[PDB]
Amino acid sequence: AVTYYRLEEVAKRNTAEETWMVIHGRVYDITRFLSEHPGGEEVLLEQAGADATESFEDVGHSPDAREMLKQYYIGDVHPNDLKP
């Protein structure tokens, strides 16, 4: 039973205390990654709660970073929130 979030709840996690992001319709808690993030600490906080999809793809991220993504996954965006 995969879990769901809602953009709204996602959005509440705009801090360093707790960092969430949405990439390709999956939510993540990046909280712990920041320090590891080769491209920056500030870039991500710059988009907490946000759907950085467009952003992360516009910076080109590798398959390796993609794979890294799997460890910070917390769920997917609510279907009803999915934008089709």
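Heads up: residue numbers just count along the shown sequence, starting at 1.
Chemist: For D64, return the chain-relative third of its C-alpha B-factor as stated in the PDB record: lowest, middle or highest.
Modeler: Tercile = middle for this residue's CA B-factor.
Chemist: Sorting the chain's modelled residues by C-alpha B-factor, tell me whether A52 ends up in the lowest, middle or highest third.
Modeler: Tercile = lowest for this residue's CA B-factor.
Chemist: Consider only the C-alpha atoms of the modelled residues in this chain, order them by B-factor as the entry records it, and name the third containing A16: lowest, middle or highest.
Modeler: CA B-factor rank for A16: highest third.
Chemist: How does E42 rank on Cα B-factor within its chain, lowest, middle or highest third?
Modeler: Middle third of the chain for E42's C-alpha B-factor.
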